[PDB]
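Have a look below at one chain only, the form deposited in one PDB entry, in structure tokens format.
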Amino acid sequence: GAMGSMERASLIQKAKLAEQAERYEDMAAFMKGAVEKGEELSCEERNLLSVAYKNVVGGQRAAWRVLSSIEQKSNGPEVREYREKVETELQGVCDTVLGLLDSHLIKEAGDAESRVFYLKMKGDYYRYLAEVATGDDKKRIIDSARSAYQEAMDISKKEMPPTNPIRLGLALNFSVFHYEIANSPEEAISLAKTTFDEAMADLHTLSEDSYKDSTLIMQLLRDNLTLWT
């Protein structure tokens, strides 16, 4: 790989520089290189990886949605061709993330937090593939996303408090999956409300290191429930 000759510690350092420069493609490449050194990631490093790839795929998703809207309103091959170009790049990034998860990061060992974190990522990037998939392949990608979200939920419900930001973010995203991907708005609503209510009931479990993240995601759950009711 292009990062193979660089020290792991220098890759992490350069990922943090790229974050500060808002150079998220660079940041993702540096963190992919660090992952490939084969050592487990710390919590901080985990979240350098995730923010980098989320920003890359987030921009591709926003571009795809713009072109897709132009395309469906148009009903010359140019809009379809360019939408397909962006779609191919987006699928490539998702396949890169999913391969790193399967090949290096997901394991039968580590924090409960660690396994939930990467399993949530797997559900998310299968969801992004599902947003652009068609026909025979869509409903298979859906099943893959569901099984990763569900394994993550099973672990988080047993090993993490109901205010844990990863547990909350997982449920927020799984709830969106139900609504936008699986056409089950009632499962989406039930999960968001249950997650919010169980966080309130055990609000005493907020952690002084992460309570701002917890309460932020609790509002996002309320936001989606407002949007959906």
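Residue indices: 1-based, along the sequence shown. Superpose the two forms; the largest set of C-alphas matching within 1.5 Å is the rigid core.
A second form of this protein, the form deposited in another entry, is not displayed here; the remarks below concern that form.
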Exercise. With the two forms aligned on the rigid core, which of the residues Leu206, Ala18, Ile217, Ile12 moves its CA by 2 Å or more between the shown form and the other one?
Worked result: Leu206
Seminar exercise, completed: in the other entry the CA atoms of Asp124 and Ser207, compared with here and shifted by at least 3 Å, lie farther
Problem set entry | Note on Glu40-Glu108 C-alpha separation in the other entry, which departs from the shown form by 3 angstroms or more | closer
